[PDB]
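Next up: just one chain, as structure tokens, the form deposited in one PDB entry.
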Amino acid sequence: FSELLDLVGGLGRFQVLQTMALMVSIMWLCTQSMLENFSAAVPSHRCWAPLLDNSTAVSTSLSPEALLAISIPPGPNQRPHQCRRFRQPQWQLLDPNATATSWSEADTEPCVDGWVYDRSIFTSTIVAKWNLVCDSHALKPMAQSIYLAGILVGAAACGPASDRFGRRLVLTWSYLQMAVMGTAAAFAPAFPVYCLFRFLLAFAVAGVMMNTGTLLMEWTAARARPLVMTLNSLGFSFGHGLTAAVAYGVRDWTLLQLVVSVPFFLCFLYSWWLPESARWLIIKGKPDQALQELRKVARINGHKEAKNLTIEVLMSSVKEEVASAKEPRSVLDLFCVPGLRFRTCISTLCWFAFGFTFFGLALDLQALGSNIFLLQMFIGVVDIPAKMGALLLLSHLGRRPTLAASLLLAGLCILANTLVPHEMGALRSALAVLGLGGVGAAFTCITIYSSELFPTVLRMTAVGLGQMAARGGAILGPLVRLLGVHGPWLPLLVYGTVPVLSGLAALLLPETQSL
């Protein structure tokens, strides 16, 4: 089939335009996942109280800070309490002679009247809308876990649907579903409905990812395939900065969600001009349509060979795969063979480490630094060169050292972030950025490396298993933040430990670079 591609053009105008078109949609797809750093930002909050918040109440000569001290006790963080208020105004606490021994838990009560939120940075957020605070604080990571579980289920459903219906058709309807569900989520009346719509949006996100990746491979020459994969990866790097800019411009969660969702109506529209995979059409016994698609691509590339292509070469050339693909093969086959068992274990561990670490760290930037807009931007700024250098290094120094070093660097940088004093926010932010860049380089390295570790018959099965492992770990990513009750260092300790152990294991893989 590579000869058919050469007759049509293995890397030309068509492939360039297609790659750009898909990269834009990947940028917006990235914005969809990173949105909840801003859409679900936690502002500073406190109980509503009469002396502070009922502006119609009798005025006094006291300043706002004195009223805040009179109304709200100091909390565990050595800062104003976020979930308890004084039952009666503590006038006794106003003099400098007072001491904390003068009041007890009997004087406190939960926020009967609700919470007051800081509006300086964000005009509105999900947390403020549905009071995902205090006793309900766990509901934010639950929502993110539901979104990632939606991705996992969408990936499970995409494969059979893609094979039965086609790459481009499923990509089109995934675009449409993303647009519809993202717009609907912006106007959700209640939190469970928001969760439902986010789940159904992730369901389509999975299809967009998988079919973009698949469709780029099948129209590209084998020699250029890794480079095209790397550019597809750079699409997310651009998505990060796009998220930072749009969130800087749009401080309202509904408008932000709507803005990042609307573009997918345009993606849905131009998906119709993309050609369906010719490999899929030939395999499914539709050579007449495959000829149309192939000569369309040749016309775009400007080749004269449209006068020479005929159904006979189309039918015969791919026939070998049409015959050999009739065997169903399974994940159990990988673990039966003694030699492949070890490679499979380590490869799946590395996939899991990538997914777990990335979606653990990237969705709580608020804990890593002071300014999340700038941090979000710099993640992409560093991700671009990290991914390109990963490509260069793995082509020059090998897959094994590159993957191992990337994972070790990410883990060591994240572990250091817990060790640095909290007051040095700049250094911690830099370490966080470097860790995430290392994670992106590791994603590139594992994507290229996993294809080369397995025999051609079992290649796709092992890669699918690895991807499922990564998407499973992504779910556990957010849940680990609930360990923050015992201190903010513990989640970062886990996030840093996992990549270190998986990177050390990667040193036990064989090298696949040609001599």
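Position 1 is the first residue in the sequence shown; the rest follow in order. Whichever C-alpha set is largest while still superposing within 1.5 Å between the two forms counts as the rigid core.
Although not depicted, the form deposited in another entry is the subject of the following passage.
When the two forms are superposed on their rigid core between the shown form and the other one, the C-alpha shift of 2 Å or more among 385, 425, 114, 75 belongs solely to 425. Core-superposed comparison between the shown form and the other one: the Cα of residue 144 travels less than 2 Å. The Cα shift for residue 449 between the shown form and the other one, taken after rigid core superposition, is 2 angstroms or larger. For residue 190, the Cα coordinates differ by under 2 angstroms between the shown form and the other one after the core has been superposed. Relative to this form, the distance between the C-alpha atoms of residue 204 and residue 451 is reduced by at least 3 angstroms in the other entry.
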